[PDB]
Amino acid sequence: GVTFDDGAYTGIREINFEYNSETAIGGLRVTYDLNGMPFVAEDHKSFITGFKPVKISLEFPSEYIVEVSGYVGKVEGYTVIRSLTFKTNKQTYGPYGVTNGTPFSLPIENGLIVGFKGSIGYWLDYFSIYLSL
């Protein structure tokens, strides 16, 4: 799919994304915090439709993500993220999607997620996370 790179910010206020219980993760749009102000990054959309959107609006700054995990798996030959789970210091959001295949997890002992980059086609192909104090 088309690659994207939101770059780095000062935190995260909200994360909206698509998921399909049969296929995999779809589009993603993150609203970061930029020096105290909301900063909605560009919407990274799926090439297709038929998803369910989930909107995680974090209670910034008292609430932050302490772990991101999910499942990687092939869908029609494509290796994509099929499930996602966002755990914060207040609650867990997810899992959303198909929890089958290879699991992955990024627990954070100290530090903060401050950005996302990746690639999305029909589904979320892969993604990376910016970390910082």
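The first residue of the sequence shown is number 1, and the count goes up from there.
Stretch exceeding the other in mean C-alpha B-factor - 11-19, 107-115: Result of the comparison: 11-19.
Higher-B stretch (mean Cα B-factor, as the entry records it), 47-55 or 60-68: If you average the C-alpha B-factors of 47-55 and of 60-68, the larger mean comes out for 47-55.
Cα B factor band for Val40 (lowest, middle or highest third within the chain): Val40: CA B-factor falls in the highest third of its chain.
Where the record places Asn89 (Cα B-factor, split into thirds across the chain): Answer is middle: the recorded C-alpha B-factor places it there.
Ranked against its chain, the third holding the CA B-factor of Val98: Highest third.
Chain third (lowest, middle, highest) by recorded CA B-factor, residue given as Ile81: Its C-alpha B-factor, which the entry lists for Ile81, ranks in the lowest third among residues of this chain.
B-factor third for the C-alpha atom of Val30 within its chain: Lowest third, going by the recorded CA B-factors of the chain.
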